[PDB]
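Student: Residue numbering for the sequence shown follows the entry's author numbering, beginning at 1 and increasing consecutively. Don't be surprised by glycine CBs; every beta carbon is placed ideally from N, CA and C. Dropping a structure here in C-alpha cells format, bear with me for questions.
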Amino acid sequence: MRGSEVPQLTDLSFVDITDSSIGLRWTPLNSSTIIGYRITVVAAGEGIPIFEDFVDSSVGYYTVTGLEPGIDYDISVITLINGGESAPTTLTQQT
C-alpha cells in the first residue's frame with residue numbers, strides 16, 4: 001500500500017479467547033455507505049482457509065465460532081467501505 005489510505009479499524013482486537021469461539025471488538029464506523037466488515041479465518045502456518053463471515057455495517061462486537069484447538073489461526077477482519085478496502089489488520093492467536 002502507501003502509508004495508509006482508507007481508514008481501518010485501528011482498535012480491532014480480540015477477547016474471550018476460549019477453545020470454543022474467539023470474541024472481537026472494534027469501533028462502529030457510521031461512515032454513510034460502508035458495506036460491512038468481512039472476517040476471514042485461516043490456520044496460521046499454512047494458507048488452509050476456514051470461512052469468511054460478514055456482519056451488518058454497524059457492528060462493534062462480533063464472535064467467531066467454528067474453531068478447533070491445537071493450531072494458531074490468523075483471524076483477518078477486513079473493512080470494506082465506499083469503493084475502497086482498508087489495510088488488512090489480522091491478528092495471529094492460538095486455540
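1) Would you please state the rounded distance, in angstroms, between the beta carbons of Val55 and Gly36? I believe it to be under 8 angstroms.
2) On the DSSP bridge assignment, give the partners of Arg2 in chain order.
3) Secondary structure at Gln94, three-state DSSP: helix, strand or coil?
4) Does the Cβ of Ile75 have 16 or more other Cβ atoms within 10 Å, making it buried, or fewer, making it exposed?
5) Does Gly84 come out as helix, strand or coil in the three-state DSSP assignment?
6) For the beta strand (DSSP E) holding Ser32, just list the boundary residues, first then last.
7) Looking only at its chain, what residues have a beta carbon closer than 6 angstroms to the beta carbon of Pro49, apart from the 5 residues adjacent to it on each side?
8) Assuming contact is defined by CB atoms lying nearer than 8 angstroms, are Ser31 and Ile81 in contact in what I supplied?
9) Buried or exposed, going by whether 16 or more other CB atoms sit within 10 Å of the CB of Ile17?
Tutor: Reading from the atomic positions:
1) Within the sequence shown, numbered from 1, the residue matching residue 55 stands at position 55. Within the sequence shown, numbered from 1, the residue matching residue 36 stands at position 36. Right, the Cβ-Cβ distance comes to about 6 angstroms (below 8 angstroms), so this counts as a contact.
2) The sequence position of residue 2 within the sequence shown is 2, counting from 1. According to the DSSP secondary-structure assignment, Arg2 is paired through a beta bridge with no residue.
3) Position 94 of the sequence shown, counting from 1, holds the residue named residue 94. The three-state secondary structure of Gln94, taken from DSSP, is strand.
4) Position 75 of the sequence shown holds residue 75. Taking every protein chain shown into account, the CB of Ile75 has 16 or more other CB atoms within 10 angstroms, so this residue is buried.
5) Here residue 84 refers to the residue found at position 84 of the sequence shown. Residue state, collapsed to three classes: strand.
6) Locating residue 32 in the sequence shown gives position 32, counting from the first residue. Counting along the chain, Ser32 falls outside any beta strand (DSSP E), and DSSP gives it neither H nor E.
7) Start at 1 with the first residue of the sequence shown, and residue 49 comes out as number 49. Only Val42 meet the Cβ criterion.
8) Locating residue 31 in the sequence shown gives position 31, counting from the first residue. Locating residue 81 in the sequence shown gives position 81, counting from the first residue. Remark: C-beta atoms of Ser31 and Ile81 approach each other more closely than 8 angstroms.
9) Start at 1 with the first residue of the sequence shown, and residue 17 comes out as number 17. Residue environment: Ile17 is assigned as exposed (fewer than 16 neighbouring CB atoms within 10 Å of its CB, all protein chains considered).
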